[PDB]
Amino acid sequence: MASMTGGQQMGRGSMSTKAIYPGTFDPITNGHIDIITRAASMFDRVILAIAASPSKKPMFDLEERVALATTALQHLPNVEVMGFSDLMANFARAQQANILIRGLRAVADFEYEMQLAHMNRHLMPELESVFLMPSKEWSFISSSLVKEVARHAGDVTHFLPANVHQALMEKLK
Amino acid sequence: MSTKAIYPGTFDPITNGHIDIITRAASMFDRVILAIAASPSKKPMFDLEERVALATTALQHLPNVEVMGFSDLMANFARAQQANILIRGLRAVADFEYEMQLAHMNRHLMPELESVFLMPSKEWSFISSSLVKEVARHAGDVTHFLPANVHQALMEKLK
């Protein structure tokens, strides 16, 4: 019925889904891998969007972050890894994504996440924020924590894919 | 291939907030079941039949949505219905803790079920069935929070 309508997003059944999962991923952990694996099972396509210029200077540069993530996620056919340097809502628009994936680890994050979602709704009404809880296994890890443990020789092999673990060891002498 | 999602609740009764969540979910998943708990621990204002009927009417315009009552383990219902997604609306911080706990338990009971969380629209962020009932019980105007069919039914329950 193309000559009458191109069709609306709401009220008309299921549409093609393309999701972005933004973060600094400095570096990507098993927690991140779990979130994106789960998202990629339920949406047609998923972009891991890596922030180029985070306010806090990252341990790994963008190129390194993108390369490590690309390797770590290569086994997921409907996932792609990109860097970006914009508002997540702008990247989403540029990429023609209709879903924004957010991990929801802590109660402290909830207020902030709801606020960002309201802002993103204002910036791009056609973008839906979707929230996934981390698996219990990964619920206490973060990039930051793994780095700090590793800096003082703690064992973090269980928390990272092999490629990332090696790269982290190299960064720490 | 297929996504089939369940959105469980007591829906006593369904509000505009619930309608918003399920509209959004139905745009992203092939099929959505509104699963209405038959026997909630606190006795509801509307019985299951009434809850199902009100919701059915309120959601009739969504082609890929179906409304059903259920009275068993969510993992069993989801299995019986061949659902792979569980939708929750996430309004308050107090709800988040509880929902995360249930999600961990559901992961244990049914690993192939993925729990997904949506935030309510700012418009509906402070409403709940409970709140709307309490306001309405003391004659407050709740027309803005309910679809017409539900509003009428609620007025009847309070007269």
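Values reported hereafter were calculated over all heavy atoms of this structure, with side chains retained and with hydrogens, waters and symmetry mates removed. Chain A is the first sequence line, chain B the second, and so forth, proteins listed ahead of strands; every chain is numbered from 1.
Residue A/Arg102 does not touch chain B at all, counting heavy-atom pairs closer than 4.5 Å. Heavy atoms of B/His61 lying under 4.5 Å from chain A belong exclusively to its backbone. Neither the backbone nor the side chain of A/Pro125 has a heavy atom closer than 4.5 Å to any heavy atom of chain B. Only the backbone of B/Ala92 has a heavy atom closer than 4.5 Å to any heavy atom of chain A. Only the backbone of B/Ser115 comes within less than 4.5 Å of a heavy atom of chain A; no side-chain atom from C-beta onward does.
A centroid separation of less than 6.0 Å is found between the aromatic rings of A/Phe43 and B/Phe29.
Ring orientation note: the planes of B/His144 and B/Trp124 are tilted relative to one another, at an angle of 30° to 60°.
Chain A forms more heavy-atom pairs under 4.5 Å with one residue of B/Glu99, B/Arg31, B/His104 than with any other, namely B/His104.
Side chains of B/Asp141 and B/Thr143: a donor-acceptor N/O pair is present below 3.5 angstrom, by distance only.
For A/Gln9, the CD atom sits in a packed shell: over 12 heavy atoms of surrounding residues, nucleotides or ligands are nearer than 6.0 Å. Around CD of A/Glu80, the count of heavy atoms belonging to other residues, nucleotides or ligands within 6.0 Å exceeds 12.
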